[PDB]
Amino acid sequence: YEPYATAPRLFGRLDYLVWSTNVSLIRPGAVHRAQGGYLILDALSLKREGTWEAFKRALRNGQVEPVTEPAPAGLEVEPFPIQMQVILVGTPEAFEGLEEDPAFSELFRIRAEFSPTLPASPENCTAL
Amino acid sequence: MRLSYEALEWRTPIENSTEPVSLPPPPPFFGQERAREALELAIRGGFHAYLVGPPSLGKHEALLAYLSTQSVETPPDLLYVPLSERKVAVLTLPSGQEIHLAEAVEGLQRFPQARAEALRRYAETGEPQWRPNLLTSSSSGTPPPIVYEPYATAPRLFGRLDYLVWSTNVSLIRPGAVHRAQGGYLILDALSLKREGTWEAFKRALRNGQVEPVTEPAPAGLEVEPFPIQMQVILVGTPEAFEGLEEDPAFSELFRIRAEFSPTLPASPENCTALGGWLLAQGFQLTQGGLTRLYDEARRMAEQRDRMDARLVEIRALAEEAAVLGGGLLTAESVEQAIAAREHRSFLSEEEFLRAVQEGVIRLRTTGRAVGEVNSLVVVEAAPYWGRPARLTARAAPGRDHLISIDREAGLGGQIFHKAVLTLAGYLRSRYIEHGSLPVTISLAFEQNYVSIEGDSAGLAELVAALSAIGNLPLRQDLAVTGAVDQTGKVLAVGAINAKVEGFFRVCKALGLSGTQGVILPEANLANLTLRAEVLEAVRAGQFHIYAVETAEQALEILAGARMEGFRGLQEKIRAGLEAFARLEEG
Amino acid sequence: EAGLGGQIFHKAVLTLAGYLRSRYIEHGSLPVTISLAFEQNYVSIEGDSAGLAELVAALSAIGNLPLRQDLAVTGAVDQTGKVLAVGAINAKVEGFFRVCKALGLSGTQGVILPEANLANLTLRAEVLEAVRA
Amino acid sequence: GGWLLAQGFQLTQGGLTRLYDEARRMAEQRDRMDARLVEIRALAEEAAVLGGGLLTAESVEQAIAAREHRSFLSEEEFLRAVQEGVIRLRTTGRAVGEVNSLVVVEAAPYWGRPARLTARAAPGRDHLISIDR
Ligand SMILES: *[B]([O])([O])[C]([C][C]([C])[C])[N]C(=O)[C]([C]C1=[C][C]=[C][C]=[C]1)[N]C(=O)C1=[C]N=[C][C]=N1
Ligand SMILES: *[B]([O])([O])[C]([C][C]([C])[C])[N]C(=O)[C]([C]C1=[C][C]=[C][C]=[C]1)[N]C(=O)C1=[C]N=[C][C]=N1
């Protein structure tokens with residue numbers, strides 16, 4: 001669960017030990033850590049951090065690029081087959097920015113909607 | 001006219017539901033004769049083309065498969081060579097020939113296109129970045145180069161300069177998509193060109209041959225000569241994505257060939273069979289039942305009994321879900337159940353609405369009779385577009401031909417909604433002239449409506465309610481109504497007719513079905529009724545009724561349970577209300 | 001008219017008009033100009049839940065009918081003069097109780113509200129005691 | 001004609017006449033031709049592919065037809081909706097206060113369509129009401 005969906009947090013980072021860089025200076029982001037499992041992001045953060053389109057490109061095309069700096073040269077990073085299930089979390093309203101994009105319903109086919117209220121029953125009093 | 005069950009049934013009969021389907025893959029572009037023949041043209045002429053159609057139709061998958069079948073002369077090798085120590089140019093030789101010359105140069109001639117001198121003075125002056133650069137090479141034009149770059153940034157399109165600490169030279173220049181597509185096809189999404197800001201540089205590439213590798217904000221660099229571009233570009237996008245593009249006269253100049261997908265196909269056995277082989281070639285284990293249910297869901301998606309939705313990516317996404325519910329097997333049940341689960345997963349707002357209706361928090365009648373009241377039908381703004389009844393009231397008082405749309409006056413109704421009310425007015429005034437101008441002020445309200453509403457499809461409901469209020473005619477509350485009207489009192493086709501009928505059924509069912517409920521709708525919309533199974537059963541059972549009409553008075557006779565003429569009919573009761581209102585109006 | 005009421009508020013007034021005009025037709029069109037004001041209101045107001053209060057006040061003004069001031073009212077109305085459910089019904093009842101109590105409870109105060117809202121009354125303990133008392 | 005040959009086309013008299021007459025029709029004037037040489041060439045490029053490299057009358061009439069086909073989806077939809085009675089149009093009989101007016105669709109290539117127009121007359125005080133307006 002990465003609540004703060006910035007490009008370095010999602011995709012990883014290149015460090016440069018003074019410049020060069022190479023395979024072993026590349027740090028993983030959340031997308032690397034969630035392979036073979038679940039990555040959870042908040043829909044508000046994707047919109048607020050501006051990372052929605054890069055994130056689609058990650059899921060639609062396998063492009064996951066570690067973040068570089070504005071200085072001198074760098075590495076081509078090959079796209080890999082992504083192996084993970086993403087769950088986005090947010091309010092009915094937070095998904096509205098997302099849902100104007102036909103790519104969203106294409107990628108997130110399963111809606112899991114909470115009711116704002118439950119039946120007032122002895123069983124729910126006991127659960128509470 | 002009454003619509004029997006037999007008239008409403010639209011589904012494909014299934015024989016041997018469980019039998020495995022076995023069918024060959026259809027060609028790319030099946031059902032899409034227009035876009036295939038535009039693309040064949042563009043391929044035959046070297047023209048650049050654009051593939052236009054709604055999202056989730058499968059346009060990129062069809063394009064890439066169709067491009068795989070093509071064949072061209074093997075592409076020349078592709079290089080940057082130095083024309084100087086601060087200058088480069090792009091060169092084509094004949095193929096394979098730069099593994100030579102890498103070393104022929106490496107003696108640090110024949111190869112007659114590799115002219116520019118221009119190397120030739122490090123002994124003339126002892127002066128202490130010259131080896132040619134291979135961008136690409138390949139062994140045949142079969143398949144031809146096919147480069148789909150979804151992310152159209154300047155480095156991705158045009159290549160990049162790296163600087164190994166600063167200098168740089170020929171051999172630090174990396175190719176972009178434009179270099180890789182030479183001698184073949186480059187595919188870009190129209191949305192990406194606009195979003196990455198790369199449309200003008202891209203034109204300059206195609207119009208002027210300027211292809212500049214991206215540099216950094218630091219210290220100096222290379223002039224890069226413009227080369228003769230050798231490639232066909234296909235852009236892909238929706239009808240809307242090309243609109244930003246099309247305000248630019250350069251776009252239609254460069255992309256002369258439009259390849260437009262239809263959003264629907266004919267619903268024929270040939271397209272059902274194509275769909276079936278397409279699914280198997282995608283990997284599904286499919287049964288005849290699952291195939292029929294998917295084909296009939298595609299017709300219902302299209303809201304037309306005669307057409308199927310052409311969006312192959314949507315059909316697959318639903319078969320993916322069905323396949324999980326069938327334990328890996330794509331069956332009739334798994335598909336009807338994947339459908340039901342989608343509705344359940346979006347049904348919270350309806351579950352709330354139904355409960356508020358059951359508690360009387362929303363006041364609705366689905367039985368009895370009332371004057372000047374009608375269940376009109378609306379479709380909820382957010383997907384998946386559930387329909388609901390909306391109570392509509394009309395009240396008539398003595399006054400000076402005013403038709404008052406309360407919703408329109410309070411700022412809740414749109415322009416099309418307003419137009420329907422104006423058109424009703426036009427009908428009323430002109431149809432009832434005995435007293436001069438109409439002696440009544442009618443007001444119409446959508447009783448529990450808190451949001452903006454738009455559309456003309458409540459015109460019929462409004463006009464019946466107004467006529468009822470004029471004539472004091474009790475109307476059945478067990479029948480809901482949708483339909484537009486023209487000034488001549490003719491009923492016209494409306495949208496979302498499945499969601500409207502079904503949403504009245506759902507309200508009737510949560511309140512307990514009385515046996516006589518149903519919906520009156522445009523005769524013009526028969527070919528759009530592709531009703532869910534539960535409604536068709538209820539109609540077959542006698543427990544729900546659909547009436548299609550051509551005129552507003554036909555709807556009023558049904559709701560008032562009387563004839564307009566045969567005179568103790570309705571028309572004389574309307575005229576008597578109007579005479580009553582005309583007398584009240586002069587003391 | 002002064003720009004303080006919203007569109008839904010305006011809709012309630014239009015709907016009341018529809019009710020009045022159509023319910024009282026003996027003279028032709030209604031022989032009265034009614035004006036309605038929220039006396040000390042300085043801000044924008046919105047909602048349909050004062051329709052009932054507005055329509056009773058207008059009927060009272062037509063007929064010169066003295067109305068009890070010890071009972072407050074909330075409720076929307078439709079064109080047929082039916083009372084419809086409104087929001088925030090606990091806060092409305094309780095806030096009248098609080099004003100009655102700070103002024104000294106007379107014994108006869110209370111609130112008239114939609115039958116449609118019974119299942120939303122979950123009133124605080126102090127109000128239920130006062131009703132019990 | 002000499003401009004096309006100097007551009008490299010293999011042109012026949014038929015292809016040349018059909019191109020010149022398409023330029024007049026482009027201009028919408030029998031007396032004038034469209035002066036846009038780059039458009040005329042782009043169409044002759046397409047004709048030349050359909051003529052197997054030869055610019056003939058047929059290849060030009062057929063390049064014209066293929067352009068219309070490639071943009072004809074919206075008309076194919078409109079025609080089908082008209083045939084199904086989803087759009088209500090009459091093209092025979094008579095009717096009072098009804099006329100087929102004609103409009104041109106906003107997006108290129110500017111297809112024309114009939115649009116049913118109705119007028120209704122009632123007794124009243126010199127008002128001409130444009131509902132659409
Ligand atoms: B009919 O189809 O024209 C009908 C007319 C009547 C209810 C006023 N209209 C609607 O069903 C419209 C369809 C629509 C949906 C989304 C955007 C625009 C139009 N629905 C509504 O107007 C609507 C709006 N808000 C909430 C619920 N319904
Ligand atoms: B006529 O040429 O003046 C005619 C008048 C009538 C139909 C109202 N007008 C049109 O044909 C106009 C031409 C036009 C096209 C594009 C922009 C502006 C004007 N067409 C339309 O108004 C029109 C608009 N939207 C859809 C279809 N047609």
Side-chain angles (χ1 to χ4, degrees), chain A residues 7 11 14 16-22 50-65 68-79 85 87 91-120, chain B residues 54-58 60 148-153 155-156 159-168 172 174-176 189 191-192 195-196 215-219 237-238 240-241 311 313-314 316-321 324 338 341-352 355 381-384:
Chain A
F11 308 124
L14 268 65
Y16 324 65
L17 212 288
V18 166
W19 305 42
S20 62
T21 268
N22 64 85
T51 42
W52 174 248
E53 297 293 326
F55 192 62
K56 296 195 319 220
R57 288 194 307 263
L59 299 185
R60 226 111 158 279
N61 324 305
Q63 321 155 221
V64 183
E65 321 248 328
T68 66
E69 253 148 355
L75 311 189
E76 161 145 331
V77 186
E78 267 220 293
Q85 243 166 298
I87 302 146
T91 62
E93 35 283 288
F95 286 101
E96 284 352 83
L98 293 182
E99 275 176 80
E100 288 143 357
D101 163 16
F104 172 78
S105 346
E106 272 170 320
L107 291 160
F108 294 86
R109 293 287 178 184
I110 305 300
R111 171 196 197 85
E113 188 148 29
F114 283 69
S115 303
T117 67
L118 317 183
Chain B
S56 295
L57 234 32
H60 297 102
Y148 168 42
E149 169 59 85
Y151 183 29
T153 58
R156 279 184 165 275
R160 202 190 307 268
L161 268 65
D162 282 324
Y163 324 65
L164 212 288
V165 166
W166 305 42
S167 62
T168 268
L172 302 204
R174 318 183 91 157
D189 292 323
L191 243 28
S192 179
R195 196 191 289 119
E196 303 308 331
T215 66
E216 253 148 355
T238 62
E240 35 283 288
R311 281 172 299 159
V313 176
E314 303 298 317
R316 173 172 68 213
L318 172 67
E320 291 179 359
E321 291 165 22
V324 171
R342 290 181 165 191
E343 289 172 358
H344 304 153
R345 288 192 294 278
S346 289
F347 192 64
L348 175 63
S349 55
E350 315 310 301
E351 166 178 292
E352 297 165 340
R355 191 154 73 229
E381 184 252 75

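Chain letters run A, B, ... following the sequence lines, proteins first, then strands; residues in each count from 1.
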Distance-minimising heavy-atom pair for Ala71(A) and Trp166(B): N-CH2, 2.9 Å
Interface moiety of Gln63(A) toward chain B, non-hydrogen atoms closer than 4.5 Å: side chain
Chain B contact via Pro72(A) - side chain, backbone, both or neither, heavy atoms under 4.5 Å: both
Part of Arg355(B) within contact of chain A (heavy atom distance under 4.5 Å): side chain
SB check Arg109(A) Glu321(B) (cutoff 4.0 Å): no
Closest-packed option against chain A by number of heavy-atom pairs under 4.5 Å, given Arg195(B), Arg342(B), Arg160(B): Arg195(B)
Residue pair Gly74(A) / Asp162(B): nearest heavy atoms and the distance that separates them: N-OD1, 3.9 Å
Close side-chain approach of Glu106(A) and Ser56(B), heavy atoms under 4.5 Å: yes
Top contributor to chain A interface from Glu320(B), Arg174(B), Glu351(B) [non-hydrogen pairs under 4.5 Å]: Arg174(B)
Which atoms of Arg57(A) approach chain B - backbone, side chain, both or neither, heavy atom under 4.5 Å: side chain
Whether over 12 other heavy atoms sit under 6.0 Å from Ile87(A) CD1: yes
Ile110(A) atom CD1, neighbour heavy-atom count above 12 within 6.0 Å: yes
Residue pair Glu216(B) / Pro70(A): nearest heavy atoms and the distance that separates them: OE2-O, 4.4 Å
Under 4.5 Å from any heavy atom of chain B - which part of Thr117(A): side chain
Atom group of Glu53(A) that falls short of 4.5 Å from chain B, counting heavy atoms: side chain
